[PDB]
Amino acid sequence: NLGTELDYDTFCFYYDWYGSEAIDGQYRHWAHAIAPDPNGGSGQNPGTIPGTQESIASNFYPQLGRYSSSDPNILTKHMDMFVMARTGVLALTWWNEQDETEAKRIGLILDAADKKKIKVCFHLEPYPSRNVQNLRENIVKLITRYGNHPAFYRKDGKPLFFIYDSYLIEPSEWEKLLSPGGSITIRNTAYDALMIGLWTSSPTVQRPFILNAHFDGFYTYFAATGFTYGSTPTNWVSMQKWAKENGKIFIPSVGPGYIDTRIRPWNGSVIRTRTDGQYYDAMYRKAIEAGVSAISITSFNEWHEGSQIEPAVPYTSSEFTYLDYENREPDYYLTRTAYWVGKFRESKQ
């Protein structure tokens, strides 16, 4: 009873898409295309961030440098960071790449996590032609491949998946997978799971979406307060009340800030300043005050979006002056996460 143990109702969104020339053949994701402005003109040639030491696809700069997500030595360090943050579940981005390098990295992440008693669940991304049939097939494959790994997460006996942009699939399709009577149900099968859909907009839209889709619960993802109704923390008390009334698990997402203008220069209105941790504190406090059972953290390491809690260092290169943790040390967001996990646990019975 030391106040240092991992919390297994705390999910931290993790991205495994970073590469180095030496391990991966290219400094993958550190190099990244710049997105055209969706409200902008034709003939934009926005260019690319080259992923050199000097110019990476983030407004911040990793303490660990331009690392590979396939480097077992980096993974070790990441797991130690999870232990410092007390975040017991790594919620792994999953893009259905169907390639050996994906398969290798997932096994490495599971192995490294297990050494530290961290668990892994999957965050099912909007891969091409995603639909409920190939989602079922992929859930079966992930549970078959990884379900007996000691680090594979279960909650009261069930795997858990987060489904990003779940609204891209109609509730009538979801029902087929997620109702106990659905044509291709997972309920009561070896492949049953807690399925957590993304609550985006107003209750008039989201309440029937979640019920009609038969999701087990919902999360909000966005680290930027006010980006959606669901990512506006003053709505969380009423979202939790509805969840409780309807037998759903609400897993609000909290984050330390947001800034993605290296890769999305037109998206400055979504910037949320970190204010030496005060933003993170405010958001985490709202989640805990809402009385939820589980919390998700956006993010461990979405460096493109500036939501990371992973350590960052000051850096000024000839090409860019990076943001940094300012008056706080590089590991502040890890140790502040541990503080909040303790407050969250204090709140759970």
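Don't overthink the numbering: it's just position in the shown sequence, from 1.
*When the C-alpha temperature factors are averaged for each of 240-248 and 175-183, which stretch ends up with the higher value in the entry?*
Between 240-248 and 175-183, it is 240-248.
*According to the deposited model, is the average Cα temperature factor higher in 146-154 or in 163-171?*
Between 163-171 and 146-154, it is 146-154 that shows the higher mean C-alpha B-factor.
*Of the choices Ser58, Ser317, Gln63, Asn301, which one's C-alpha carries the largest B-factor in the record?*
Spelled out: the listed residue with the top C-alpha B-factor is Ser317.
*Per the PDB entry, which option out of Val313, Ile309, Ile288, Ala294 has the greatest Cα B factor?*
Highest C-alpha B-factor among the listed options: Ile288.
*asked:* Is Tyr322 in the lowest, middle or highest third of its chain when residues are ranked by C-alpha B-factor?
replied: CA B-factor rank for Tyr322: middle third.
_Test of reading the entry: by CA B factor among the chain's modelled residues, which third contains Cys12?_
According to the entry, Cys12 has a C-alpha B-factor in the chain's lowest third.
*State the tercile, meaning the lowest, middle or highest third, of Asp114 with respect to the CA B-factors recorded for its chain.*
For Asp114, the deposited C-alpha B-factor lands in the middle third.
_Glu137 - Cα temperature factor, lowest/middle/highest third of chain_ = Middle third, going by the recorded CA B-factors of the chain.
*Third assignment of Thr93 from its chain's C-alpha B-factors*: Lowest third of the chain for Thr93's C-alpha B-factor.
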